[PDB]
Structures are given as structure tokens and as C-alpha cells.
């Protein structure tokens, strides 16, 4: 399968992440794409192409225009405000707060943010557009008739909502891909999120959209980021009722339990009538991933890919989470190998 990848992902290289009460090197670092690209390549997927340039038309159908405008100039305004560190939100619109949007950069960053563990830095906006472009190019391949394609997106996007960034995400690549397929002729598209963390961002974008189905398997929000979304009870709202399916699971979950959730999610996706599935692939469910508590092994990733591919509909894999361990590449390569059959 073709691999879409942009070298400009490296433009995203913030030096700080708020974690455990300290500012440390980001977990979502550039080396991630390097090892993944290397592993999938030696796995046989070496047909790598750079993404083409794309306007904001597609992304403007899933993200708030004010949010996008904010991101594009955030760093400039933050630096111009006299701040020494990187752009990190401190005040947030939580319970019982006014819905008004602030004017100052310090207020707007909080308004447009769901998590302070993600800082905006020079290049974030340009890197984010390159990652979005990889997703759009992968979608076009599927629309062109390709059975499978892999967009090595970075930074990831599943935690980015309609009008908020966080979880190392700014532009929801999987959401753009999905919208792009609809724009190309599809009437129903599904997004399957196997990243360890819930795709709060993606859920938000399609919560009231009936033409898109969202299924996510993730660590139980009651005890894993993002914490405030991902509960089984959330199934959609209004025009999008019944199009959201969450499968929260607890610590130590083995593939034997995870796989069952996967099987059920694919059953709901089949019933929905998805013409294609955008897969938000996160290999952070690995038993050896530092910030996660699932116990899947490398071989399970081959099963995962094979199973999703058995849906019989075209597949677009979009890269998301997966950290630390040098096996992130192997695990991503295994999913693709599983899809190839």
C-alpha cells in the first residue's frame, strides 16, 4: 500500500510538555515518524510519496474557523505578548462559565484548549497543515480505488475537537480524511479509533453528524487521559444520535478482551453502512508503552490489522499515538502487514 509522508512534520518540535508537574521533552517527538517510516519500509511498504498541497476547504468543514485562525497566529501573538516560554494554557472554560470568547492571547489559548499538557511552538501550524495534507492525500487514494493506504501523520489529531487542541493534537487528520471521502462521493464513512486514548476530538466533531460513525477503544476515561469523554453512555446527539460507540476498558486489558471490543465495533460499523473506514492507529496500547495500561503484544497488531481489513471496505490508516519504546515502528508495520493479508 502507498505511504503518504511529509518531512515537514519535523517543523513540530516543541521543547516542553507539562507532565507530573514538570516541563519535559515532549513524548510526541520527531523520532517517532522516523522509526515508523523505517519499520514499515523494511516491512515491504516502501512506496513512500510526499503529500500534495491542499487548501483549507476540507478542514473548514470539520473545524471551527475561529479555532483555525487562532492556531495560525498563536505563537506569534504569544511571543509578541512578552512570554518567555512556549504557549501553554492556564485558564480554562470549565463548569458554569461564560461562553464568551476572550480577546487577549492568554485568554484565547485557554478558550481553544482542552489540555495544558500540550504547548504551541514555532512551526506547529505549518507542521499541522503538512500532517493534514498527508491525510487528505491518503483519502484521495481510497477514493481513487485503493484498497488500503497509510498516512504517516504527525503531529497526530484525534484529540483535536471542533474548536480545541490538546493531547498533542491541533488538526484532526482522521476527521479531515473522513470529510474528504464524503466530499469525493461517499455518503457514509466510519472512523475506528484503536489508539489507547479515547478520540475525544474526533467524537466531538461528529457527535451531531449522521453521515459519519465513530467507534473508539480506549483506556477507561475514569482513569486515563482525556478523562472527560469516552464513556459507553455517549452514543451521539441530535442529527447524530446512535452514531458514536465507545469501548472503555480498564488496566491490564489483554487482547482477549480488547479483540472482543474490536469485533463489536466493526459490527456496528457494518450495520451503519460505512463505505470506508478511516483508522486512527495508535500503537500505544502496547504492553510496553510508558503512558498506557493495556497489555497487547506485537503479534496482536497483525491480528488487529487483519481483522479490520476483513470488514471488506476500503481502509485508510492514519497515524496517531504510540511512544517511547523502539517497537512503535514494528507495531505500526505489523498493522499494515495485517491489512495486506
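Residue numbers count along the first chain shown, from 1.
Relative to one another, 101-109 and 224-232 have unequal mean CA B-factors, and 101-109 is the one with the higher figure. Taking only CA atoms, the mean B-factor in the PDB entry is higher for 36-44 than for the other of 36-44 and 65-73.
Sorting 296, 276, 283, 60 by the CA temperature factor given in the entry leaves 296 at the top. Residue 172: CA B factor in the lowest third of modelled residues in this chain (values from the PDB entry).
Per the PDB record, residue ranking by Cα B-factor puts residue 304 in the lowest third of the chain.
Among the modelled residues of the chain, residue 180 sits in the middle third by CA temperature factor in this PDB entry. Among the modelled residues of the chain, residue 204 sits in the lowest third by CA temperature factor in this PDB entry. Split the chain's modelled residues into thirds by C-alpha temperature factor. Residue 121 is in the middle one.
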